[PDB]
>>> print(open('entry27.pdb').read())   # PDB, C-alpha atoms
ATOM      1  CA  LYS K   2      20.741 -59.522-111.923  1.00  0.00           C
ATOM      2  CA  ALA K   3      21.439 -61.849-114.867  1.00  0.00           C
ATOM      3  CA  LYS K   4      20.664 -65.575-114.563  1.00  0.00           C
ATOM      4  CA  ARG K   5      21.626 -68.621-116.714  1.00  0.00           C
ATOM      5  CA  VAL K   6      23.614 -67.768-119.854  1.00  0.00           C
ATOM      6  CA  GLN K   7      24.761 -69.877-122.855  1.00  0.00           C
ATOM      7  CA  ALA K   8      26.895 -69.169-126.002  1.00  0.00           C
ATOM      8  CA  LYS K   9      27.719 -71.165-129.164  1.00  0.00           C
ATOM      9  CA  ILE K  10      30.238 -70.395-131.907  1.00  0.00           C
ATOM     10  CA  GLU K  11      30.923 -72.164-135.173  1.00  0.00           C
ATOM     11  CA  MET K  12      33.700 -71.230-137.548  1.00  0.00           C
ATOM     12  CA  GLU K  13      34.609 -71.923-141.129  1.00  0.00           C
ATOM     13  CA  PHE K  14      38.041 -72.647-142.495  1.00  0.00           C
ATOM     14  CA  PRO K  15      39.900 -73.580-145.725  1.00  0.00           C
ATOM     15  CA  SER K  16      41.359 -77.116-145.164  1.00  0.00           C
ATOM     16  CA  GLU K  17      40.175 -79.793-142.680  1.00  0.00           C
ATOM     17  CA  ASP K  18      43.858 -80.211-141.982  1.00  0.00           C
ATOM     18  CA  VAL K  19      43.508 -76.448-141.293  1.00  0.00           C
ATOM     19  CA  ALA K  20      40.494 -76.885-139.029  1.00  0.00           C
ATOM     20  CA  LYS K  21      42.149 -79.954-137.500  1.00  0.00           C
ATOM     21  CA  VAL K  22      45.078 -77.585-136.995  1.00  0.00           C
ATOM     22  CA  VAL K  23      43.202 -74.588-135.580  1.00  0.00           C
ATOM     23  CA  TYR K  24      40.989 -76.746-133.324  1.00  0.00           C
ATOM     24  CA  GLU K  25      43.750 -79.108-132.128  1.00  0.00           C
ATOM     25  CA  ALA K  26      46.022 -76.331-130.778  1.00  0.00           C
ATOM     26  CA  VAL K  27      43.407 -74.102-129.107  1.00  0.00           C
ATOM     27  CA  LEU K  28      42.680 -77.333-127.230  1.00  0.00           C
ATOM     28  CA  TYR K  29      46.160 -77.621-125.678  1.00  0.00           C
ATOM     29  CA  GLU K  30      45.788 -74.135-124.138  1.00  0.00           C
ATOM     30  CA  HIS K  31      42.334 -75.204-122.902  1.00  0.00           C
ATOM     31  CA  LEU K  32      43.601 -78.357-121.241  1.00  0.00           C
ATOM     32  CA  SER K  33      46.476 -76.186-119.962  1.00  0.00           C
ATOM     33  CA  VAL K  34      44.086 -73.927-117.996  1.00  0.00           C
ATOM     34  CA  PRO K  35      42.332 -75.582-115.028  1.00  0.00           C
ATOM     35  CA  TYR K  36      40.002 -73.162-113.132  1.00  0.00           C
ATOM     36  CA  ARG K  37      37.961 -72.077-116.207  1.00  0.00           C
ATOM     37  CA  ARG K  38      35.100 -69.508-116.246  1.00  0.00           C
ATOM     38  CA  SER K  39      32.828 -71.018-116.500  1.00  0.00           C
ATOM     39  CA  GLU K  40      31.642 -73.930-118.759  1.00  0.00           C
ATOM     40  CA  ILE K  41      32.918 -75.360-122.080  1.00  0.00           C
ATOM     41  CA  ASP K  42      32.517 -78.214-124.654  1.00  0.00           C
ATOM     42  CA  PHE K  43      34.767 -77.162-127.557  1.00  0.00           C
ATOM     43  CA  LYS K  44      34.858 -79.507-130.541  1.00  0.00           C
ATOM     44  CA  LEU K  45      36.000 -79.838-134.174  1.00  0.00           C
ATOM     45  CA  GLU K  46      34.500 -82.366-136.526  1.00  0.00           C
ATOM     46  CA  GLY K  47      35.052 -81.153-140.084  1.00  0.00           C
ATOM     47  CA  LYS K  48      36.422 -77.767-141.056  1.00  0.00           C
ATOM     48  CA  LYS K  49      34.139 -76.192-138.459  1.00  0.00           C
ATOM     49  CA  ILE K  50      35.321 -75.403-134.953  1.00  0.00           C
ATOM     50  CA  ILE K  51      32.527 -75.583-132.405  1.00  0.00           C
ATOM     51  CA  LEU K  52      32.473 -73.599-129.228  1.00  0.00           C
ATOM     52  CA  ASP K  53      29.650 -73.972-126.711  1.00  0.00           C
ATOM     53  CA  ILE K  54      30.011 -72.005-123.454  1.00  0.00           C
ATOM     54  CA  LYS K  55      28.203 -71.165-120.153  1.00  0.00           C
ATOM     55  CA  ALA K  56      28.488 -68.389-117.559  1.00  0.00           C
ATOM     56  CA  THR K  57      27.204 -67.805-114.053  1.00  0.00           C
ATOM     57  CA  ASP K  58      26.370 -64.435-115.575  1.00  0.00           C
ATOM     58  CA  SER K  59      26.557 -61.761-118.254  1.00  0.00           C
ATOM     59  CA  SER K  60      30.255 -61.204-117.866  1.00  0.00           C
ATOM     60  CA  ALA K  61      31.291 -64.591-116.547  1.00  0.00           C
ATOM     61  CA  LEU K  62      30.956 -65.060-120.285  1.00  0.00           C
ATOM     62  CA  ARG K  63      32.039 -62.002-122.281  1.00  0.00           C
ATOM     63  CA  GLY K  64      35.628 -62.025-121.083  1.00  0.00           C
ATOM     64  CA  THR K  65      35.799 -65.733-121.893  1.00  0.00           C
ATOM     65  CA  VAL K  66      34.409 -65.432-125.423  1.00  0.00           C
ATOM     66  CA  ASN K  67      37.119 -62.811-125.716  1.00  0.00           C
ATOM     67  CA  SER K  68      39.577 -65.187-124.176  1.00  0.00           C
ATOM     68  CA  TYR K  69      38.959 -67.914-126.785  1.00  0.00           C
ATOM     69  CA  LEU K  70      38.158 -65.874-129.990  1.00  0.00           C
ATOM     70  CA  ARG K  71      41.579 -64.301-129.660  1.00  0.00           C
ATOM     71  CA  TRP K  72      43.188 -67.637-128.784  1.00  0.00           C
ATOM     72  CA  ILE K  73      41.500 -68.875-131.952  1.00  0.00           C
ATOM     73  CA  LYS K  74      42.953 -66.012-134.013  1.00  0.00           C
ATOM     74  CA  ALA K  75      46.274 -66.356-132.204  1.00  0.00           C
ATOM     75  CA  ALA K  76      46.095 -69.809-133.768  1.00  0.00           C
ATOM     76  CA  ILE K  77      45.163 -68.576-137.259  1.00  0.00           C
ATOM     77  CA  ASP K  78      48.270 -66.304-136.999  1.00  0.00           C
ATOM     78  CA  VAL K  79      50.751 -69.177-137.330  1.00  0.00           C
ATOM     79  CA  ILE K  80      49.364 -70.357-140.693  1.00  0.00           C
TER      80      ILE K  80
ATOM     81  CA  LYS J   2      41.793 -67.832-142.755  1.00  0.00           C
ATOM     82  CA  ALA J   3      38.458 -68.070-140.855  1.00  0.00           C
ATOM     83  CA  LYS J   4      35.718 -68.132-143.511  1.00  0.00           C
ATOM     84  CA  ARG J   5      32.372 -67.451-141.779  1.00  0.00           C
ATOM     85  CA  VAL J   6      31.824 -67.197-138.025  1.00  0.00           C
ATOM     86  CA  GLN J   7      28.573 -67.344-136.067  1.00  0.00           C
ATOM     87  CA  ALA J   8      27.483 -67.139-132.417  1.00  0.00           C
ATOM     88  CA  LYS J   9      23.932 -67.733-131.181  1.00  0.00           C
ATOM     89  CA  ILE J  10      23.324 -66.513-127.642  1.00  0.00           C
ATOM     90  CA  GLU J  11      20.428 -67.022-125.202  1.00  0.00           C
ATOM     91  CA  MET J  12      19.850 -65.185-121.869  1.00  0.00           C
ATOM     92  CA  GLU J  13      17.112 -66.174-119.335  1.00  0.00           C
ATOM     93  CA  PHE J  14      15.849 -63.533-116.952  1.00  0.00           C
ATOM     94  CA  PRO J  15      14.005 -62.860-113.696  1.00  0.00           C
ATOM     95  CA  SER J  16      10.696 -61.414-115.096  1.00  0.00           C
ATOM     96  CA  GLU J  17       9.328 -61.889-118.663  1.00  0.00           C
ATOM     97  CA  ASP J  18       8.950 -58.149-118.197  1.00  0.00           C
ATOM     98  CA  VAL J  19      12.404 -57.415-116.658  1.00  0.00           C
ATOM     99  CA  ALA J  20      13.913 -58.828-119.843  1.00  0.00           C
ATOM    100  CA  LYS J  21      11.509 -56.664-121.854  1.00  0.00           C
ATOM    101  CA  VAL J  22      13.322 -53.655-120.383  1.00  0.00           C
ATOM    102  CA  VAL J  23      16.771 -54.876-121.392  1.00  0.00           C
ATOM    103  CA  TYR J  24      15.718 -55.723-124.931  1.00  0.00           C
ATOM    104  CA  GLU J  25      14.371 -52.185-125.257  1.00  0.00           C
ATOM    105  CA  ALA J  26      17.530 -50.545-123.941  1.00  0.00           C
ATOM    106  CA  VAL J  27      19.957 -52.620-125.974  1.00  0.00           C
ATOM    107  CA  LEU J  28      17.748 -52.685-129.034  1.00  0.00           C
ATOM    108  CA  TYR J  29      17.722 -48.905-128.718  1.00  0.00           C
ATOM    109  CA  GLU J  30      21.496 -48.923-128.450  1.00  0.00           C
ATOM    110  CA  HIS J  31      21.810 -51.454-131.256  1.00  0.00           C
ATOM    111  CA  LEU J  32      19.625 -49.135-133.314  1.00  0.00           C
ATOM    112  CA  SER J  33      20.851 -45.711-132.299  1.00  0.00           C
ATOM    113  CA  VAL J  34      23.814 -46.943-134.360  1.00  0.00           C
ATOM    114  CA  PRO J  35      23.006 -47.446-138.073  1.00  0.00           C
ATOM    115  CA  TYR J  36      26.016 -48.637-140.103  1.00  0.00           C
ATOM    116  CA  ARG J  37      26.112 -51.385-137.434  1.00  0.00           C
ATOM    117  CA  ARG J  38      28.687 -54.074-138.177  1.00  0.00           C
ATOM    118  CA  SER J  39      28.611 -56.847-138.617  1.00  0.00           C
ATOM    119  CA  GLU J  40      25.329 -58.811-138.502  1.00  0.00           C
ATOM    120  CA  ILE J  41      22.985 -58.774-135.508  1.00  0.00           C
ATOM    121  CA  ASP J  42      19.559 -60.361-135.096  1.00  0.00           C
ATOM    122  CA  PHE J  43      18.135 -59.101-131.800  1.00  0.00           C
ATOM    123  CA  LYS J  44      14.919 -60.853-130.739  1.00  0.00           C
ATOM    124  CA  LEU J  45      13.291 -60.808-127.300  1.00  0.00           C
ATOM    125  CA  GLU J  46      10.945 -63.742-127.002  1.00  0.00           C
ATOM    126  CA  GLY J  47       9.850 -64.684-123.493  1.00  0.00           C
ATOM    127  CA  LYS J  48      12.133 -64.568-120.485  1.00  0.00           C
ATOM    128  CA  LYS J  49      14.895 -65.572-122.928  1.00  0.00           C
ATOM    129  CA  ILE J  50      16.781 -63.178-125.240  1.00  0.00           C
ATOM    130  CA  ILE J  51      18.329 -64.549-128.423  1.00  0.00           C
ATOM    131  CA  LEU J  52      21.243 -62.584-129.907  1.00  0.00           C
ATOM    132  CA  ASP J  53      22.124 -63.972-133.346  1.00  0.00           C
ATOM    133  CA  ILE J  54      25.538 -62.849-134.676  1.00  0.00           C
ATOM    134  CA  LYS J  55      26.980 -63.537-138.132  1.00  0.00           C
ATOM    135  CA  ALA J  56      30.442 -62.128-138.806  1.00  0.00           C
ATOM    136  CA  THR J  57      33.217 -62.022-141.382  1.00  0.00           C
ATOM    137  CA  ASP J  58      35.771 -63.495-138.968  1.00  0.00           C
ATOM    138  CA  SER J  59      36.542 -64.533-135.409  1.00  0.00           C
ATOM    139  CA  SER J  60      37.606 -60.957-134.779  1.00  0.00           C
ATOM    140  CA  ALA J  61      34.495 -59.504-136.354  1.00  0.00           C
ATOM    141  CA  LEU J  62      32.555 -61.977-134.260  1.00  0.00           C
ATOM    142  CA  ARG J  63      34.607 -60.941-131.222  1.00  0.00           C
ATOM    143  CA  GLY J  64      34.116 -57.183-130.923  1.00  0.00           C
ATOM    144  CA  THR J  65      30.496 -57.341-132.076  1.00  0.00           C
ATOM    145  CA  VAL J  66      29.937 -59.081-128.753  1.00  0.00           C
ATOM    146  CA  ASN J  67      31.902 -56.952-126.292  1.00  0.00           C
ATOM    147  CA  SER J  68      30.235 -53.668-127.128  1.00  0.00           C
ATOM    148  CA  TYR J  69      26.906 -55.556-127.273  1.00  0.00           C
ATOM    149  CA  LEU J  70      27.396 -57.693-124.144  1.00  0.00           C
ATOM    150  CA  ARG J  71      28.610 -54.530-122.411  1.00  0.00           C
ATOM    151  CA  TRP J  72      25.382 -52.863-123.550  1.00  0.00           C
ATOM    152  CA  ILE J  73      23.291 -55.659-122.097  1.00  0.00           C
ATOM    153  CA  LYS J  74      25.245 -55.508-118.843  1.00  0.00           C
ATOM    154  CA  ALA J  75      24.540 -51.759-118.966  1.00  0.00           C
ATOM    155  CA  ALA J  76      20.806 -52.169-119.278  1.00  0.00           C
ATOM    156  CA  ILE J  77      21.060 -54.564-116.294  1.00  0.00           C
ATOM    157  CA  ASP J  78      22.425 -51.786-114.027  1.00  0.00           C
ATOM    158  CA  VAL J  79      19.491 -49.373-114.560  1.00  0.00           C
ATOM    159  CA  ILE J  80      16.954 -51.537-112.692  1.00  0.00           C
TER     160      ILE J  80
END
>>> encode(input="entry27.pdb", output="structure tokens")
Amino acid sequence: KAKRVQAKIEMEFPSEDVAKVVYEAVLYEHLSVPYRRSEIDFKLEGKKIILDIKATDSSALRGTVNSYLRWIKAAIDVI
Amino acid sequence: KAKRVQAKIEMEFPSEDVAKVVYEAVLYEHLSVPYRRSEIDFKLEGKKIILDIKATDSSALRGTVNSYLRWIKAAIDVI
């Protein structure tokens, strides 16, 4: 019985060409997944990586935040 | 190499008094656990709940949601 739900993550990194890097690859596995759950407007601008999300509900979200915070570490791993 | 990582969350609920129950459960659970890592600012204000989370890294950020989102979703099921 949970209604409208929204999440926002920012992250800090060493080089912009290391935020460029982390942001720009997590993107290719985000474009490579149609049928997402449930709403996203990821974006890098500096050395921050910005993640804003939405979920029909409490868990339409949690498993997705998981999904991408690993994917974001999975990206830190090759660096 | 993820320097500081932060997620602000907001949940809107049926009754400004059905959310008051969840706060209280979770808050209890967030507080029947001193030594609680990493950083959590739990504030019920209105029909909305705002879970502020500051962490050491993506991973820190990550698991300090699951157990806490899965607490919220727990409170939800005793109603």
>>> residues_around(input="entry27.pdb", residues="residue K:29", least_positions_apart="4", cutoff="12 Å", atoms="only C-alpha atoms", output="PyMOL selection string")
chain K and resi 22-25+33-35+43+72-73+76
>>> resolve_selection(input="entry27.pdb", expression="the ChimeraX specification (/K :<8) & /J", output="ChimeraX atom specification")
/J:2-15,59-60,63,66-67,70,73-74,77
>>> calpha_fit_rmsd(input="entry27.pdb", fixed="chain K", moving="chain J")
0.8 Å
>>> atom_distance(input="entry27.pdb", atom1="atom CA of residue J:27", atom2="atom CA of residue J:45")
10.6 Å
>>> atom_distance(input="entry27.pdb", atom1="atom CA of residue J:61", atom2="atom CA of residue K:38")
22.5 Å
>>> resolve_selection(input="entry27.pdb", expression="the PyMOL selection byres ((chain J and resi 40) around 7)", output="tab-separated table (two decimals) with C-alpha atoms, in the coordinates of the input")
chain	number	residue	atom	x	y	z
J	38	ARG	CA	28.69	-54.07	-138.18
J	39	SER	CA	28.61	-56.85	-138.62
J	41	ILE	CA	22.98	-58.77	-135.51
J	42	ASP	CA	19.56	-60.36	-135.10
J	54	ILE	CA	25.54	-62.85	-134.68
J	55	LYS	CA	26.98	-63.54	-138.13
J	56	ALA	CA	30.44	-62.13	-138.81
>>> atom_distance(input="entry27.pdb", atom1="atom CA of residue J:65", atom2="atom CA of residue J:26")
16.7 Å
>>> build_atoms(input="entry27.pdb", residues="stretch 29-61 of chain K", atoms="N, CA and C atoms", output="compact mmCIF listing (two decimals), in the coordinates of the input")
# COMPACT_ATOMS: atom_id res chain seq x y z
N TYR K 29 45.05 -77.44 -126.61
CA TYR K 29 46.16 -77.62 -125.68
C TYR K 29 46.30 -76.45 -124.69
N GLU K 30 45.84 -75.26 -125.08
CA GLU K 30 45.79 -74.14 -124.14
C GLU K 30 44.46 -74.09 -123.37
N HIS K 31 43.59 -75.06 -123.63
CA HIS K 31 42.33 -75.20 -122.90
C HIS K 31 42.46 -76.32 -121.87
N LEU K 32 43.25 -77.33 -122.20
CA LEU K 32 43.60 -78.36 -121.24
C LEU K 32 44.66 -77.80 -120.28
N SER K 33 45.41 -76.80 -120.75
CA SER K 33 46.48 -76.19 -119.96
C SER K 33 45.98 -75.01 -119.11
N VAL K 34 44.67 -74.95 -118.87
CA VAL K 34 44.09 -73.93 -118.00
C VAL K 34 42.98 -74.46 -117.06
N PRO K 35 43.35 -75.27 -116.04
CA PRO K 35 42.33 -75.58 -115.03
C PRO K 35 41.88 -74.32 -114.28
N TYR K 36 40.63 -74.32 -113.79
CA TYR K 36 40.00 -73.16 -113.13
C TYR K 36 39.31 -72.24 -114.13
N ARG K 37 38.59 -72.82 -115.10
CA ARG K 37 37.96 -72.08 -116.21
C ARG K 37 36.63 -71.38 -115.85
N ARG K 38 36.28 -70.32 -116.58
CA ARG K 38 35.10 -69.51 -116.25
C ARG K 38 34.15 -69.21 -117.42
N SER K 39 33.09 -70.01 -117.52
CA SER K 39 32.83 -71.02 -116.50
C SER K 39 32.50 -72.45 -116.98
N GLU K 40 32.01 -72.60 -118.22
CA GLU K 40 31.64 -73.93 -118.76
C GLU K 40 31.92 -74.07 -120.25
N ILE K 41 32.51 -75.19 -120.68
CA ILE K 41 32.92 -75.36 -122.08
C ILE K 41 32.84 -76.81 -122.64
N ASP K 42 32.42 -76.95 -123.90
CA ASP K 42 32.52 -78.21 -124.65
C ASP K 42 32.95 -77.94 -126.10
N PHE K 43 34.17 -77.44 -126.25
CA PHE K 43 34.77 -77.16 -127.56
C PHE K 43 34.85 -78.45 -128.37
N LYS K 44 34.71 -78.34 -129.68
CA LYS K 44 34.86 -79.51 -130.54
C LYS K 44 34.97 -79.16 -132.03
N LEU K 45 35.89 -79.84 -132.72
CA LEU K 45 36.00 -79.84 -134.17
C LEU K 45 35.50 -81.16 -134.70
N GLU K 46 34.84 -81.12 -135.85
CA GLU K 46 34.50 -82.37 -136.53
C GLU K 46 34.93 -82.35 -137.99
N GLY K 47 34.64 -81.26 -138.70
CA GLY K 47 35.05 -81.15 -140.08
C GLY K 47 36.08 -80.06 -140.31
N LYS K 48 35.62 -78.97 -140.90
CA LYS K 48 36.42 -77.77 -141.06
C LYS K 48 35.76 -76.66 -140.24
N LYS K 49 34.77 -77.06 -139.45
CA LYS K 49 34.14 -76.19 -138.46
C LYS K 49 34.79 -76.41 -137.09
N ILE K 50 34.89 -75.32 -136.33
CA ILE K 50 35.32 -75.40 -134.95
C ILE K 50 34.15 -74.95 -134.10
N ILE K 51 33.74 -75.82 -133.18
CA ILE K 51 32.53 -75.58 -132.40
C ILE K 51 32.84 -75.19 -130.99
N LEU K 52 32.27 -74.08 -130.57
CA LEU K 52 32.47 -73.60 -129.23
C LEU K 52 31.14 -73.37 -128.55
N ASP K 53 30.85 -74.16 -127.53
CA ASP K 53 29.65 -73.97 -126.71
C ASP K 53 30.08 -73.61 -125.29
N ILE K 54 29.58 -72.49 -124.77
CA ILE K 54 30.01 -72.00 -123.45
C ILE K 54 28.84 -71.74 -122.48
N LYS K 55 29.18 -71.45 -121.21
CA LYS K 55 28.20 -71.17 -120.15
C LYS K 55 28.81 -70.20 -119.14
N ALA K 56 27.99 -69.34 -118.54
CA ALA K 56 28.49 -68.39 -117.56
C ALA K 56 27.52 -68.19 -116.40
N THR K 57 28.05 -68.12 -115.19
CA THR K 57 27.20 -67.81 -114.05
C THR K 57 26.42 -66.55 -114.44
N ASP K 58 27.04 -65.66 -115.20
CA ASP K 58 26.37 -64.44 -115.58
C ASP K 58 26.90 -63.74 -116.83
N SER K 59 26.42 -62.52 -117.01
CA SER K 59 26.56 -61.76 -118.25
C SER K 59 28.00 -61.53 -118.63
N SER K 60 28.85 -61.49 -117.63
CA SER K 60 30.26 -61.20 -117.87
C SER K 60 31.12 -62.40 -117.54
N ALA K 61 30.58 -63.35 -116.78
CA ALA K 61 31.29 -64.59 -116.55
C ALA K 61 31.56 -65.20 -117.92
